[PDB]
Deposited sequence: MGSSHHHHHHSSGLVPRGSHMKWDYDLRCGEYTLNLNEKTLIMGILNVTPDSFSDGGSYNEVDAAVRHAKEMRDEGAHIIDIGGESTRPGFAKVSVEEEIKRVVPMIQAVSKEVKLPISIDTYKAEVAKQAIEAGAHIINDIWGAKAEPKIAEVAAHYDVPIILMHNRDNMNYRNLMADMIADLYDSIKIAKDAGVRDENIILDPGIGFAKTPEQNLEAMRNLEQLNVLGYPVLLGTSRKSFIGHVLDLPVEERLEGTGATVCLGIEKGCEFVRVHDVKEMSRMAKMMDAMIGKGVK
């Protein structure tokens, strides 16, 4: 199906072998420093190692409240994790300056929850360093005419912005942005029709881990949503996503591996 591998730098990710697991890194900050402290960075490195050991294929590191200090927080973490954990790293920001810094520090993938709409300059950064970028569907409103058709239009608006900056098709990944700009019922609708994103011809990453719509369905708090997240990950993979962004790496990695075997992946 995919005639190219995801090229990340020192690491390369096969898209046909298996559903690739993106581990979400804890960011419990130090109430005492501007960022960089030992307790903060060591908990971060510790979490990455655990996630690596539980089957994560990528570590996702997020800083999100001002620009200049977002770098201070996230830069020291990328430096330590990239050094001590042999996995590609993605920076969860939508800020151009931030992204530059993070790749500078050793991040391999950009993760923009605004799909280059918040700060289009980020796309230039992406093209510049030749890294893969994740373009999530988002918008500042919920007034959809046709949810799915609008998501695809919105997404395509991100691709245009990215290609116009020189981003290669092979370094583009899409995300339906579940839990963003969508009502609980709209979140279910996107899930139910996720396979439509495939027509755009790009690897799709899904991120539904522990989110409120799972809560709204099950009536369960964030810590009780492991079975709910599992359902959305299974249905996601059946509908053709290549990546999942989860908190419970051990559990999700197991279901993902079983789905893969069943649906003939790899």
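- Gaps between the deposited sequence and the modelled structure occur at positions 1-21, 86-93, 296-297.
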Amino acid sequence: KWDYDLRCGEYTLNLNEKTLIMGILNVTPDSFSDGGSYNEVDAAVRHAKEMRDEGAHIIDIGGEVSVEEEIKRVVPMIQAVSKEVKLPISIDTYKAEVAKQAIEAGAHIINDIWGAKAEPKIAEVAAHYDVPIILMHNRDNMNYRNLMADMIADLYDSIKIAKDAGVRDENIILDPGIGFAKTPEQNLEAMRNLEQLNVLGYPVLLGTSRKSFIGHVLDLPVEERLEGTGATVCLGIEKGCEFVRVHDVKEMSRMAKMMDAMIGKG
From here on, numbers count along this sequence of modelled residues.
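Definition used throughout: the rigid core is the maximal C-alpha set that superposes within 1.5 Å between two forms.
- Between 231-239 and 66-74, the larger mean CA deviation from the shown form in 8 other deposited structures of this protein, after core superposition, belongs to 66-74.
- Here 68-76 and 188-196 are compared by their mean Cα B-factor, and 68-76 comes out higher.
- Mean C-alpha B-factor is higher over 79-87 than over the other stretch, the pair under comparison being 170-178 and 79-87.
- Among all modelled residues in this chain, the alpha-carbon of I133 has a temperature factor (C-alpha) in the middle third.
- Among the modelled residues of its chain, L6 has a C-alpha B-factor that falls in the middle third, as given in the PDB entry.
- Compared with the other modelled residues of the chain, the Cα B-factor recorded for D53 ranks in the middle third.
- Compared with the other modelled residues of the chain, the Cα B-factor recorded for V27 ranks in the highest third.
- In the deposited entry, the Cα temperature factor of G35 sits in the top third of values across the chain's modelled residues.
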